[PDB]
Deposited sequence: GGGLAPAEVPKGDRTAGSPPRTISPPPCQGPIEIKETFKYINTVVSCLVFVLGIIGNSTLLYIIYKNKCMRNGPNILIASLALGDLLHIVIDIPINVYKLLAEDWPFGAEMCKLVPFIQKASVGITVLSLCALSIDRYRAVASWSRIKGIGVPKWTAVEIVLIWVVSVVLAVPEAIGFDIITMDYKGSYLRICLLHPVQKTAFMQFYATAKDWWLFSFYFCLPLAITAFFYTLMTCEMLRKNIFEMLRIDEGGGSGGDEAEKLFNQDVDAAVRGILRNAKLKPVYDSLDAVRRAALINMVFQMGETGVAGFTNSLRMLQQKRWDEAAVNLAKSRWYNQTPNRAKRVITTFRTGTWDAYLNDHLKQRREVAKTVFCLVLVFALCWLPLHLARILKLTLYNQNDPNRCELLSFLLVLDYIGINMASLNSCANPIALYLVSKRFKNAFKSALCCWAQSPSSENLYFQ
């Protein structure tokens, strides 16, 4: 049958995945804690939050993974009542540390670019993350216990959190647990990190346009309302509106740059160049713009604007301080994205089972086999997330990649 065939297959798959996560995660997160400790240049707010997150994932890896490997392979629980109050507690405490750290990471990225304006603040965050994650994981250590069954010369030890619990709170917890796990440990971080991501990019966008105009125009705080009025007029002009809509945020700022210098009527005169921008022919747009009277009178500014068009980034206008903040923000929301994709299949599987289990035998069989396969994939991706950040940091962050190579290769 599907259920017995599927569980046997994933006995092999999960054992290899969990052995991979154990080895990769022990090496990766230990090295991650090493490079943040040894490299004094690496000690900053976001990195220290990444360190606690790596310590939390290391705790789950060394405490829970070897047991979870055996648990999957044997029907009996031999590790005692203590280990099975501990393993689910560590599992929810560690994931909670990741969940709250990721939220603190995304809020810190917003505050970094925030218009309103702190080393002690990261220390308060660290305490709050671990205290709150551990408190919210305590009901796991409360509800879970061993059930021993003996019938006809055969005994079995299962550790479970029974749907029926002693106290009112533990009863409510056991019943609400599945939705609680979905809400706080998936919906809460994804919503908060997305909310502060979008606010951050908007604020980073204004800071970049402001910096661009500061370099090109050359002490005016009216730049922001001036920009807003400028895009209003660009949306007013039938010659400038179509190309402006086609452009991304960065190239729209390059168009605004030309509008600041020449006005809307002057920018409209580049009908051929504007068309080619709308066609997304950046290099052709760069060349035709380069052979212009605007280029001739102001080549330095023309060079930067046409490079901004062609490139689509802020390279020509971004200072060292702002290039630092974009790489850090890119690192933070890479980990956020990695968390979402790793925890998406499992939370999807649990919610589909929670919502679509009609208990009719005909519909159940095929839906069960699919949901079971999805659940197994889900817990594999979640295990991978506990070892994925060292690899992710290596690939997405030039600083982390160099720190890893210094610590490991030579």
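Missing C-alpha coordinates mark the following deposited-sequence intervals, in order: 1-28, 146-151, 253-259, 452-464.
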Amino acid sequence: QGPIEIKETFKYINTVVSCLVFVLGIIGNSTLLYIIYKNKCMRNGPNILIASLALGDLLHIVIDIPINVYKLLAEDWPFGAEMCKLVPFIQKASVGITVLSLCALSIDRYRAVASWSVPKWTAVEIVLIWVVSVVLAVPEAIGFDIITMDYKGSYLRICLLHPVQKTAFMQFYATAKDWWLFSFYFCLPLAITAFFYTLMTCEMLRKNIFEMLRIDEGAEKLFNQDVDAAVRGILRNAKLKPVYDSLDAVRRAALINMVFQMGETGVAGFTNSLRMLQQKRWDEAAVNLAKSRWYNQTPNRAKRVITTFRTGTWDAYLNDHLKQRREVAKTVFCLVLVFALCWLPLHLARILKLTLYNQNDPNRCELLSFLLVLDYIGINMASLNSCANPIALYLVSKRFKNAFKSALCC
From here on, numbers count along this sequence of modelled residues.
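Comparing 285-293 with 171-179, the stretch with the higher mean C-alpha B-factor in the PDB entry is 285-293.
As the entry records it, the average C-alpha temperature factor is higher for 368-376, out of 24-32 and 368-376. Of the residues listed, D76, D108, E220, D145, the entry assigns the biggest Cα temperature factor to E220.
Of the candidates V338, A230, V138, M149, the one whose C-alpha carries the top B factor in the deposited record is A230. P345: CA B factor in the middle third of modelled residues in this chain (values from the PDB entry). Annotation for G56: CA B-factor lies in the lowest third of the chain's modelled residues. Annotation for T193: CA B-factor lies in the middle third of the chain's modelled residues.
The entry lists a Cα temperature factor for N47 that places it in the lowest third of the chain's modelled residues. For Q165, the recorded CA temperature factor ranks within the middle third of the chain's modelled residues.
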